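Participant: coords please:
(2 chains)
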Amino acid sequence: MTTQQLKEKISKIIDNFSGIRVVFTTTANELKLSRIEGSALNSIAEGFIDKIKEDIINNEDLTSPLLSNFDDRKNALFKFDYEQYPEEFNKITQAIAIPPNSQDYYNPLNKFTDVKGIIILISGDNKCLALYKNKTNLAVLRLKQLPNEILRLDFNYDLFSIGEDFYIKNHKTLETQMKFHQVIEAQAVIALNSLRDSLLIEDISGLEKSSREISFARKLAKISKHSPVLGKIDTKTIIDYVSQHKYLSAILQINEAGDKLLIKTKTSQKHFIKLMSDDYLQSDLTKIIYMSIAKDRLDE
Amino acid sequence: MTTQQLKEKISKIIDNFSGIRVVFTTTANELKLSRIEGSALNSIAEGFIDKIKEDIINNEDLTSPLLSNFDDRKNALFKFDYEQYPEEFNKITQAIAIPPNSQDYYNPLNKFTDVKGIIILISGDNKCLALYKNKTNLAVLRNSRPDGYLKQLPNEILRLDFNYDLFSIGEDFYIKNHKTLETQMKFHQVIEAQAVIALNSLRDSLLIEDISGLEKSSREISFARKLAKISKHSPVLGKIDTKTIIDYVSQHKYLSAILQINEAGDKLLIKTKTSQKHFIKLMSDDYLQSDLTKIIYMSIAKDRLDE
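Facilitator: Numbering: from 1, shown residues only, chains lettered A, B, ... in the order given. Below is the structure in question.
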């Protein structure tokens, strides 16, 4: 369900707007219903529709790839391609379908320390577009500070769900608030056994020590599910490419035998990770080598 | 002044922290000294590394390309390389240099509607890091009044924390959030003037037959920021002849279908937004093939290696 079909599906909801209503997921994993004043609930709907338009609709360079094929792209809304739904994904699913006559309302004596996340439900063309912002008290002034409880809606979303297909804006909320996306740590070490069974690296320990920092653990799961080099082109062709390469030879070294790579230092680990993401590309026009941070296939 | 040279210019100010001073800028373009509470000032100080280390120091995938070589990279600090300082750059330059004995303090009867931006001066190692932020319209400060509803009671409370917008480490400034620069500081005059230079150079290049579709997209700063990039950092315009690009597109496996050549053979056909966006990506050399896997790729964010 492509970038354009998203732009159709969202602008169907935005133009034939039917109703907004806000749900609190709490620490007890129950969806409690808000009591927002009308001109303040009109205050929520106007600015979200602009942010929805700014991020999706008339946004030209919107890019929707798979979450396992993560990289560092601005704008962009990542497709949830995994199968393990964190429980808050399913809480948003039940948040879509509270009946409108229900009275399980949020009691405001709880001082918004119960509020774990804020669910914005924007409905239109009979469907509903749910958005998610985690409870972020942040900081407000007046000079002194008195709230420490007062709710905050910064018109911003991390997670949103159109139908049965979830999309990702801020990747960090999907880990540090959602299960550390612990599939990633397991997907990183399935790749570490696959690098072990590739026998391309001599010592696998420095790669095993980068799997603690989650900034490398995403890059391992990228190569685990989406590599065009691991398991597809053989070991000796990779080594002969790196040796003949102009930039890659000075950093990655091959052992005395010539059959195993020497990836021990962090400077060599970052570049070898960018080797198995195929991020060392060349133009047929300018004949210049390049280092890709964000890229996409073309013949599909 | 590279990425690592930014990283240790910051962690020199960071690991020898001296004092944090908060300056409000007005709509009268006069700087105003805040009155931050002491336990608030420590909670406002927050470390700030808690944001700054995660953007700079501990951030391994930190990238510092020029602002004029814009692309869509996250965890990225765009080095300001233009000649023109928008007036808040010059107000941040004076924001560093208020003497600490000065009594030009901010009067809080203004209800924070004169407040246009928020300057976080973070000083250390006798230098000063300065952060910039805009006063946005309070987001929503919804509070209670059992039967309790919710309402934006004050509608004047200053809402501020991290997610900074603009640097001032030395004179080489950096941009994290670029929309702040183009809209609140009014930088989009300089991008659109640079983009019109690009349209006249393509007109002189004679690679396209009609240029009107590029000029209808030139108002949207999305195309103008890609036109201002190609005006200043393309490895194709003027360096290679127009015919060689045409035989390369005519030979191509993807570009041959979208971008066409006229019936004569010397001019490219760029009219619809599809053929504009793909020729824009052709122009900044974003179509690259692997020397290993031999798969053609379309790059969003890239970097040279030879330099």
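Participant: Who are the contact partners of the spatially closest residue to residue A:213 that is not a sequence neighbour?
Facilitator: Leaving out its chain neighbours, the residue that sits closest to residue A:213 by CB to CB, 6 or more residues apart in numbering or on different chains is residue B:60, at 7.4 Å. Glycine gets a C-beta too; all of them are placed from N, C-alpha and C. If you count contacts by CB atoms under 8 Å, 6 or more residues apart in numbering or on different chains, residue B:60 has them with A:213, A:215-216, A:270.
Participant: all strands for the stretch 1-150 of chain A, in order.
Facilitator: Using DSSP state E, counting those that start in this stretch, the strands found in the stretch 1-150 of chain A span residues A:17-26, A:31-33, A:78-79, A:115-124, A:127-134, A:140-141.
Participant: Next up, phi/psi of the residue nearest to residue A:213, please.
Facilitator: phi -80, psi -40 (degrees, to the nearest 10).
Participant: try the one 4 residues further on
Facilitator: Note on residue B:64: backbone dihedrals following degrees, to the nearest 10 are phi -120, psi 80.
Participant: residues near it, how many?
Facilitator: 18 (other CB atoms under 10 Å in any protein chain shown).
Participant: Settle this for me: it is touching residue B:5, isn't it.
Facilitator: No. At 9.0 Å, residue B:64 and residue B:5 do not qualify as touching, with contact defined as CB atoms under 8 Å.
Participant: Walk me through the domains of chain A.
Facilitator: Domain ranges of chain A: A:3-181, A:183-291, per automatic domain parsing.
Participant: what residue is smack in the middle of chain A?
Facilitator: Residue closest to the mean C-alpha point of chain A, counted by CA atoms, centre = their mean, is residue A:171 at 3.3 Å.
Participant: closest to chain B among the contacts of residue B:60?
Facilitator: Proximity of the contacts of residue B:60 to chain B (CB to the nearest CB) peaks at residue A:215, which lies at 5.6 Å.
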